[PDB]
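Engineer: 40 is the number that PDB author numbering gives to position 35 of the sequence shown; each next residue is one higher, with no gaps. We treat Cβ as the ideally placed atom computed from N, Cα and C, and that holds for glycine. Below are the structure tokens for one structure; questions will follow.
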Amino acid sequence: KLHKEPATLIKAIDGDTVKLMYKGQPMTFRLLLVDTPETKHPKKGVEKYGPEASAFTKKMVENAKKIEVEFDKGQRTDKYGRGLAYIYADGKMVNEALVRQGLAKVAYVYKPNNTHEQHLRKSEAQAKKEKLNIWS
Ligand SMILES: Cc1cn([C@H]2C[C@H](OP(=O)(O)O)[C@@H](COP(=O)(O)O)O2)c(=O)[nH]c1=O
Ligand SMILES: [Co+2]
Numbered sequence: 006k007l008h009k010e011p012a013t014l015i016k017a018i019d020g021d022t023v024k025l026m027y028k029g030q031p032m033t034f035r036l037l038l039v040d041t042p043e044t045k046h047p048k049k050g051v052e053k054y055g056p057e058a059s060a061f062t063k064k065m066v067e068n069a070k071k072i073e074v075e076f077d078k079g080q081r082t083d084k085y086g087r088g089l090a091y092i093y094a095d096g097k098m099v100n101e102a103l104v105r106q107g108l109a110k111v112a113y114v115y116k117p118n119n120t121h122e123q124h125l126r127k128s129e130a131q132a133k134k135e136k137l138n139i140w141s
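Pasting the structure below:
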């Protein structure tokens, strides 16, 4: 099945991208199955709820005692060299926490890297029926 491995926070970049020390190497990790509003790129840019999604991920990983990464069963990095994982901060999955708050939408679902897709879609449906943030 999937397994969690330890990692150490270096820096949170924005809502869905964080830099971590993993097995002794610095890497940027991109959260599987979600897309947060942009803070960066001019062909996207500071989007509504981008500042709040970044701050939520930053708060969540900086205050954690333990960060764990869980790779899915397909490729572990994307075309930019970013690690593709589910990230956990004291056992809470950051990717699901964002979707549950309406600060991310379920996106980039590429098989076989989709083990938690239904769990995330269930949380996104709840954030939409509660009209949270993106969905308000
Ligand atoms: C989440 C994810 C993104 N990506 C790619 C798709 C997009 O490519 P392009 O940049 O060509 O559009 C980009 C989205 O990342 P960001 O949302 O960080 O921009 O990263 C993957 O290749 N695999 C993944 O699992
Ligand atoms: Co994004």
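Does the pairing of the stretch 39-54 with the stretch 79-95 give three or more beta-carbon distances under 8 Å?
Structural biologist: no
Engineer: Any idea what DSSP makes of residue 56, helix, strand or coil?
Structural biologist: For the purposes of this step, residue 56 is identified with residue 51 of the sequence shown, where counting begins at 1. Helix, per DSSP.
Engineer: In chain order, what are the residues with a CB under 6 Å from some non-hydrogen atom of ligand 2?
Structural biologist: Working through the chain, the matches are 21, 40, 41, 43.
Engineer: Go ahead and label residue 7 buried or exposed: buried means 16 or more other beta carbons lie within 10 angstroms of its beta carbon, across all protein chains shown.
Structural biologist: Residue numbering aside, residue 7 sits at position 2 when the sequence shown is read from its first letter. Exposed, since its Cβ has fewer than 16 Cβ neighbours within 10 Å.
Engineer: Which residue or residues does DSSP assign as beta-bridge partners of residue 25?
Structural biologist: Numbered from 1 along the sequence shown, position 20 holds the residue referred to as residue 25. Answer is 14, 32.
Engineer: With residue 122 as the anchor, note down where its alpha helix (DSSP H) starts and where it stops.
Structural biologist: Numbered from 1 along the sequence shown, position 117 holds the residue referred to as residue 122. Taken as a continuous stretch (DSSP letters only), the alpha helix (DSSP H) holding residue 122 covers 122-134.
Engineer: Based on DSSP bridge pairs, tell me the residues matched to residue 82.
Structural biologist: Within the sequence shown, residue 82 is the residue found at index 77, counting from 1. Bridge partners of residue 82: 88.
Engineer: Could you give the distance in angstroms between the alpha-carbon of residue 140 and the alpha-carbon of residue 107?
Structural biologist: The count along the sequence shown starts at 1 and reaches residue 140 at position 135. The count along the sequence shown starts at 1 and reaches residue 107 at position 102. Roughly 6 Å separates the two Cα atoms.
Engineer: Kindly indicate which three-state DSSP category residue 69 falls into: helix, strand or coil?
Structural biologist: As a first step, residue 69 must be located in the sequence shown, where it is residue number 64. It is coil, neither helix nor strand.
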